[PDB]
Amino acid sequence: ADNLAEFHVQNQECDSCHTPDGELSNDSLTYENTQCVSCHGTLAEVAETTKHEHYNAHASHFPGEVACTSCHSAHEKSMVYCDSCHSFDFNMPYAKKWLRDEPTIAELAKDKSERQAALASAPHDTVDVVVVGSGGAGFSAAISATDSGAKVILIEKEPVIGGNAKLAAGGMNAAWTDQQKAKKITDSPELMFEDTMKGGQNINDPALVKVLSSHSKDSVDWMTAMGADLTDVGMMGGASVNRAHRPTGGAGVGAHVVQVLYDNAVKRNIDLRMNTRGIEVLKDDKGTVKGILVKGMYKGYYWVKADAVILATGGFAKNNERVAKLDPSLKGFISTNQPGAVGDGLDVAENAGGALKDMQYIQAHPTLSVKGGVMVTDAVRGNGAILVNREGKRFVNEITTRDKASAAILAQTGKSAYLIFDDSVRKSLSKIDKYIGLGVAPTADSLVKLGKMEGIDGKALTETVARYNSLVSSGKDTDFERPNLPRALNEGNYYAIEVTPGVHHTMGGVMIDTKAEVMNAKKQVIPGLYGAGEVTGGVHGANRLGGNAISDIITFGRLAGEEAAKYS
């Protein structure tokens, strides 16, 4: 057979997959996926039959209920979603090579005939609020608006939920929480505000940073009430004390937070629509929001009538062409991001009259795996790892800010460096076992053996770790002035991970006020239009602190949903 449908129709009728009249159920293909499951079992049941030692197409870190049609199309060849970040040895029937080629908002202007036809028709739905994007900010706004009495529709352009938020690792910043107190940590909202402004080179909007610090404990409390585990509290770069909250034992914060938000949306029967892209905010004769034009992958163009639209579409760090025009020093770099993080939401905002700010400030993460091409968490360093060069020496304070850390690594022989750690560090942060499973953390029972394996001077490496351990014992790093020295590297075996910088987070974006209301270039509010999360500018100034994005998306998402409900 040339395709999956052709295979099935050898022994099955059309209505084995389809509704009675043949029409597709909706853009999520709810009915059609139900039929796959009726014969093959759930995703978990299928996974029992496709196990490899270290990977499984049908059992991954993705949260929510991943639809079969995300990867298996019926009437044409289709792509394995995992191929957008990894290169596992797969043999999916009727596969083709991964390629993402999504038209820009401007390119879609050529659908004049089809768009005018849609706008001339009745609205397909009439509701209170539409939320655009199923990351942390979007789920938070949808839940908070619903709890405030509003009827919501939540849309996602990708086949899967979660955006970049489902990938988050190191933690969510807050002060001064019950969780911190239980771990004998002393902190304050004031100290979090001070650290944040200093980190951003004092470019941040202070009114927006005040919302970030003052609402941070409430946001940890809100997630915890909904079922989240945020009880482990670690250190990240630029923080005066430990304040990065994550699950027990040091597991990833992102996939967990998104799973909790998804379960809470399902509990409330929130209308969530996959493969549905927001195209154009609609405004009335007086310039207030009246609805939104969307494009369903399967059902085509239609519009929704609503009082308010909340843009929660994330950043543009995957789009290297756009990145390079704003910061040429990042041209040609790899990125940490999901394949859809290209900035189309910003285009939607500008077309509706919203102004942008701080767009020139773009963050590289200092430690992506050279071998696997994925983010390796800053929490590996926070919990005690060091960095060495090919000469086997330390060369930087491992918990300095991200710009200086990236510059330092690129200045070393080969434009990369190695994370070095032991079994005490490994046991303190369960996320590390994920890098070991991926095959990117080679190991040996001595540093001489490990250096020989990886091309690091073995004698120098050995002396480097002995010296560092002496500095830990004495309590002061006289070599690089690292201010936090949590563990000696001296238990069990040793590990190395080769690392290099990659494009990560876009600090700029749409201009909002403290009520998450979008403003134009004259600083006038556009009535009914809101923005929340990485799509916004002004919160993080010239440089974002590790842990501050997950804090931002829950706080600003929740407040946007409440304000939109009140407005409606």
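Just count from 1 along the sequence shown to find any residue number.
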| property | result |
| --- | --- |
| Higher-B stretch (mean Cα B-factor, as the entry records it), 55 to 63 or 42 to 50 | 42 to 50 |
| Greater mean Cα temperature factor according to the PDB record, 287 to 295 or 406 to 414 | 406 to 414 |
| Top residue by Cα temperature factor, when 95, 425, 244, 208 are compared in the entry | 95 |
| Out of 84, 446, 430, 264, highest CA B-factor residue | 446 |
| Ranked C-alpha temperature factor of residue 24 among modelled chain residues, by third | middle |
| Modelled-residue ranking by C-alpha temperature factor, third containing residue 68 | lowest |
| Residue 477, C-alpha B-factor rank within chain (lowest, middle or highest third) | highest |
| Third assignment of residue 30 from its chain's C-alpha B-factors | middle |
| CA B-factor placement of residue 397, once the chain's modelled residues are sorted into thirds | highest |
